[PDB]
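Bear in mind these aren't lab numbers, they're just calculated from the coordinates by the rules spelled out. Cβ placement follows ideal geometry from the backbone for every residue including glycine, while neighbour counts extend to all protein chains displayed.
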Amino acid sequence: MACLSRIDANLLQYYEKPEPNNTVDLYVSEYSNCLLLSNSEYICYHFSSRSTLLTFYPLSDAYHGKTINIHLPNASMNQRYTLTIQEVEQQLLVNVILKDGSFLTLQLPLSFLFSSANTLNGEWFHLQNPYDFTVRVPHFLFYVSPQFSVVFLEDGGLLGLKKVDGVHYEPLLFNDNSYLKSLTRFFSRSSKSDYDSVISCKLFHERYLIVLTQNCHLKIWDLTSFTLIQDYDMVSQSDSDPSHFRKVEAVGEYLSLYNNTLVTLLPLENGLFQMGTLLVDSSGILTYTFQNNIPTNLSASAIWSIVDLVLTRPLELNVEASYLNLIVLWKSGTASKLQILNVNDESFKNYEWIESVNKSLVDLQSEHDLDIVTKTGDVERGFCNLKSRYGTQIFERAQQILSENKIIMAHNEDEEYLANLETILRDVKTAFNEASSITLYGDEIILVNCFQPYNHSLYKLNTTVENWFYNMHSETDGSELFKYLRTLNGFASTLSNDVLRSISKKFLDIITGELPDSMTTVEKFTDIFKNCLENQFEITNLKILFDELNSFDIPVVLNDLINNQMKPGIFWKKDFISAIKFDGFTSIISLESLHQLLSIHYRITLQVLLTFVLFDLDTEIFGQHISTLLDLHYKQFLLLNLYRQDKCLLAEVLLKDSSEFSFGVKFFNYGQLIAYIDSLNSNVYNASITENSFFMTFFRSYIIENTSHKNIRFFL
């Protein structure tokens with residue numbers, strides 16, 4: 001099998017505008033996330049510009065709710081992990097520690113986030129001070145419960161802030177403040193030892209707060225009486241290599257807790273996953289039980305540092321045996337490596353590392369299907385194609401870089417300006433899509449929210465056809481059919497990609513009658529040979545091909561291809577839950593997931609039909625199969641042409657036919673996501689050649705109602 005491929009996405013690729021038409025500036029990425037509420041609406045927030053910008057936008061399009069930019073007067077006072085955002089009492093509670101000694105409370109009514117009909121000025125902020133934070137240093141903020149937070153200090157000490165009136169905080173002192181957390185020991189290369197500079201914590205039973213300090217001693221404090229109950233020295237000189245060691249002093253995630261299973265990262269080696277169970281023993285004392293330790297060896301050049309770690313339920317992301325998946329986001333430099341330690345069993349001793357394959361739609365299309373932008377002739381066409389592939393945010397930013405570095409724009413005349421642009425569109429999209437954080441979208445599907453607002457990269461599960469395709473770059477086989485397709489790929493890597501598309505073009509004419517349907521199909525295949533394969537074909541490969549054909553039964557292989565490998569699953573409305581609102585994020589990714597799949601089929605269909613062009617063979621029994629592949633070839637190619645015409649209008653027709661509601665959907669499970677793509681794919685193949693649902697919409701919108709010459713011209 002293969003591995004998870006991501007999808008690049010922008011929410012400003014649907015809109016030809018730079019920025020939301022509904023925005024408001026209010027005035028009182030480091031981390032970003034998206035929070036599912038019990039309203040069942042996703043609201044996204046990003047924390048960027050070195051703590052001087054909170055960006056809230058609904059993840060349901062920022063042009064049907066108000067963008068609210070809450071511009072902070074000050075940057076945060078040590079760390080960018082002194083932010084907690086959770087929904088409290090049907091108001092979105094935002095807590096911010098600021099550099100001036102204040103504690104910021106914002107109350108954003110849910111109505112103001114998701115309606116654009118709502119501007120609000122006044123009663124959206126209250127700034128008040130529990131204890132001056134320009135004195136003793138906060139480095140961590142944790143929201144504990146719905147009326148309790150603990151702000152952990154860098155010189156040790158626990159300060160609870162208790163909630164009054166559903167908004168404001170009043171300080172409640174605990175007796176455990178530093179001065180004497182340094183009078184019960186000595187030490188001389190240490191000073192963090194009994195100071196509670198807690199770098200990660202998670203709360204079990206809403207009673208006991210399991211805290212990891214800088215030293216990564218796991219200390220369990222029952223905070224329903226503010227007593228230390230248990231102390232485990234976790235660091236060891238034989239569960240880990242002490243020669244290899246790196247300091248961790250930065251607030252992030254080093255404890256992960258899902259169900260009662262805890263994961264502790266030990267800063268000895270280049271990480272240790274120590275797996276244990278949290279169980280309460282008699283006398284109401286939570287005890288930690290070691291189970292197993294897994295050593296590991298990384299590979300850097302400036303030391304991999306973790307970002308986040310999230311223990312969750314079994315994920316289907318090209319696994320083979322699973323009990324739990326521990327997602328790990330490493331970053332050193334501008335490389336992020338997403339890898340997933342899949343533990344397959346309860347022992348935790350059989351594991352595999354499932355790697356992330358970080359190839360979008362963009363990379364596979366640049367690698368193979370290179371003539372598609374400004375390489376299809378017409379500079380006017382090239383220019384629109386650049387817009388559609390990389391959104392408004394990248395597009396406008398690219399104009400800025402052009403002005404600094406002085407490039408004279410000669411758009412719509414010179415092919416070479418489009419190449420210059422194309423390069424920039426790429427460097428700016430990569431910077432914008434870099435990893436910041438993990439968010440679980442729907443509590444399963446691994447979403448990386450990225451630097452700068454309105455940027456996300458979702459990863460998807462590859463289906464049987466998709467797994468095979470990456471296993472032709474490994475040349476892995478496993479049926480009679482799989483072997484046939486692998487041979488055909490060998491021959492096609494020798495032909496230029498330009499010839500492969502010329503042969504695709506002539507197969508299309510057979511369905512359109514632009515090559516007459518007055519010939520036998522065999523004569524038309526002869527036309528193809530002479531025009532496209534002369535002085536390109538390898539003589540060697542023709543014979544190898546003949547030997548494979550003699551070993552594998554033809555009609556059998558062709559039925560198998562058509563009915564199980566190109567065609568999608570049979571799933572319809574009932575397999576998926578339908579949303580009660582519009583959502584942009586889901587409809588975009590579905591489009592692109594459908595698109596990807598059909599691009600591989602477009603090439604498969606090409607490669608199989610080619611054999612009939614090489615040799616002069618009877619197609620009186622195989623004629624029935626052949627007709628299907630020309631039909632399938634058609635539909636696959638058609639969608640591609642339309643996507644360049646305009647990808648947004650093409651999504652709108654599609655969403656209606658699938659959805660009960662029409663427009664948008666929500667996903668919370670991998671089965672659901674899959675079914676919905678399969679339902680769209682079915683709908684396309686159920687369409688006729690003569691009238692398409694797309695053809696009708698696109699024509700009416702541009703051509704009849706009348707729009708400027710650019711939409712008329714590529715539509716031609």
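Overview of values
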item: Pairs where the first residue, in the range 153-170, is farther than 30 Å from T184 by Cβ and the second is crowded, with 16+ Cβ neighbours inside 10 Å and of a type in the set (A, V, I, L, M), C-beta under 6 Å, 6+ apart; result: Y169/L161
item: Of residues in the range 283-325 being of a type in the set (F, W, Y) and part of a loop (DSSP other than H, G, I, E, B), the one nearest to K349 (Cα to Cα); result: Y323
item: Cβ-Cβ under 9 Å pairs, at least 6 apart or on other chains, the range 177-192 side within 23 Å of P138 (Cβ to Cβ), far side aliphatic (A, V, I, L, M); result: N177/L153; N177/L158; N177/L159; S178/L153
item: Odd one out for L617, checked against (1) assigned to a helix (DSSP H, G or I); (2) closer than 25 Å to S479 by Cα; (3) over 33 Å from the mean Cα position of the chain (by Cα); result: (1)
item: Of all residues making up the range 139-197, the number that are under 38 Å from the mean Cα position of the chain (by Cα) and small (G, A, S); result: 6
item: Complete set of residues in the range 496-526 that are outside any loop (DSSP other than H, G, I, E, B), of a type in the set (D, E) and over 45 Å from the mean Cα position of the chain (by Cα); result: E523
item: Qualifying positions in the range 80-117 - among the polar types (S, T, N, Q), within 24 Å of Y454 (Cα to Cα) and out of contact with any helix residue (DSSP H, G or I) (no Cβ under 8 Å at 6 or more places or on another chain); result: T82, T84, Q86, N95, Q107, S111, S115, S116
item: Pick from the range 102-144, criterion loosely packed, with under 15 Cβ neighbours inside 10 Å and of a type in the set (D, E, K, R), ranking: nearest to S40 (Cα to Cα); result: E123
item: Qualifying position, being over 29 Å from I580 (Cα atoms) and not aliphatic (A, V, I, L, M), among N22, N74, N33, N69; result: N74
item: Unmet criterion (only one of (1) in a strand (DSSP E or B); (2) farther than 30 Å from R389 by Cα) for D345; result: (1)
item: Residues (surrounded by fewer than 20 Cβ atoms within 10 Å (Cβ to Cβ) and either farther than 23 Å from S190 by Cα or among the polar types (S, T, N, Q) (or both)) located in the range 210-222; result: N215, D222
item: Subset of the range 363-388 [polar (S, T, N, Q) and closer than 17 Å to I7 by Cα]; result: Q365, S366, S388
item: Residue in the range 559-578 that is over 19 Å from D616 (Cα atoms), within 32 Å of the chain's Cα centre (by Cα) and among the hydroxyl-bearing types (S, T, Y) present; result: yes
item: The range 34-84: number of residues that are β-branched (V, I, T), surrounded by fewer than 21 Cβ atoms within 10 Å (Cβ to Cβ) and within 22 Å of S457 (Cα to Cα); result: 0
item: Selection within the range 527-548 - over 30 Å from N681 (Cα atoms), in contact with a helix residue (DSSP H, G or I) (Cβ under 8 Å, 6 or more places away or on another chain) and part of a helix (DSSP H, G or I); result: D527, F529, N531, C532, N541, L542, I544, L545, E548
item: Strands (runs of 3 or more DSSP E) fully within the range 373-465 counting 2 or more residues that are in contact with a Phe, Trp or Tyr (Cβ under 9 Å, 6 or more places away or on another chain) and β-branched (V, I, T); result: 445-450
item: All positions within the range 633-685 that are in a helix (DSSP H, G or I), of a type in the set (S, T, Y) and farther than 30 Å from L500 by Cβ; result: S658, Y670, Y676, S679
item: Residues that are within 23 Å of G664 (Cα to Cα) and either touching a helix residue (DSSP H, G or I) at 6+ places or on another chain (Cβ under 7 Å) or hydrophobic (A, V, I, L, M, F, W, C) (or both), drawn from the range 17-41; result: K17, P18, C34, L35, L36, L37, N39, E41
item: Which listed residue is farther than 25 Å from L461 by Cα, over 28 Å from the mean Cα position of the chain (by Cα) and assigned to a loop (DSSP other than H, G, I, E, B), from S688, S701; result: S688
item: Flag if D196 is part of a loop (DSSP other than H, G, I, E, B) and closer than 24 Å to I85 by Cβ; result: yes
item: Subset of the range 257-274 [surrounded by fewer than 21 Cβ atoms within 10 Å (Cβ to Cβ) and part of a strand (DSSP E or B)]; result: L257, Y258, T261
item: Number of positions in the range 160-188 that are farther than 15 Å from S145 by Cβ and touching a strand residue (DSSP E or B) at 6+ places or on another chain (Cβ under 7 Å); result: 6
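Table: residues versus (1) of a type in the set (G, A, S); (2) out of contact with any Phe, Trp or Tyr (no Cβ under 9 Å at 6 or more places or on another chain); (3) farther than 19 Å from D575 by Cβ.
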site: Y643; (1), (2), (3): no, yes, yes
site: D646; (1), (2), (3): no, no, yes
site: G664; (1), (2), (3): yes, no, no
site: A687; (1), (2), (3): yes, no, yes
site: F694; (1), (2), (3): no, yes, yes
site: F698; (1), (2), (3): no, no, yes
site: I703; (1), (2), (3): no, no, yes
site: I712; (1), (2), (3): no, no, yes
site: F715; (1), (2), (3): no, no, yes
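So that you can scan it fast, the table gives a plain yes or no per residue for (1) among the acidic types (D, E); (2) part of a loop (DSSP other than H, G, I, E, B); (3) in contact with a strand residue (DSSP E or B) (Cβ under 9 Å, 6 or more places away or on another chain):
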{"residue": "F571", "(1), (2), (3)": "no, yes, no"}
{"residue": "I577", "(1), (2), (3)": "no, yes, no"}
{"residue": "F582", "(1), (2), (3)": "no, yes, no"}
{"residue": "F585", "(1), (2), (3)": "no, no, yes"}
{"residue": "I588", "(1), (2), (3)": "no, no, yes"}
{"residue": "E592", "(1), (2), (3)": "yes, no, yes"}
{"residue": "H595", "(1), (2), (3)": "no, no, no"}
{"residue": "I604", "(1), (2), (3)": "no, no, no"}
{"residue": "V608", "(1), (2), (3)": "no, no, no"}
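For every residue, the table says whether it meets (1) assigned to a strand (DSSP E or B); (2) within 28 Å of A250 (Cα to Cα); (3) not β-branched (V, I, T).
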site: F112; (1), (2), (3): no, no, yes
site: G122; (1), (2), (3): no, no, yes
site: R136; (1), (2), (3): no, yes, yes
site: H139; (1), (2), (3): yes, yes, yes
site: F152; (1), (2), (3): yes, yes, yes
site: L161; (1), (2), (3): yes, yes, yes
site: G166; (1), (2), (3): no, no, yes
site: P171; (1), (2), (3): yes, yes, yes
site: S178; (1), (2), (3): no, yes, yes
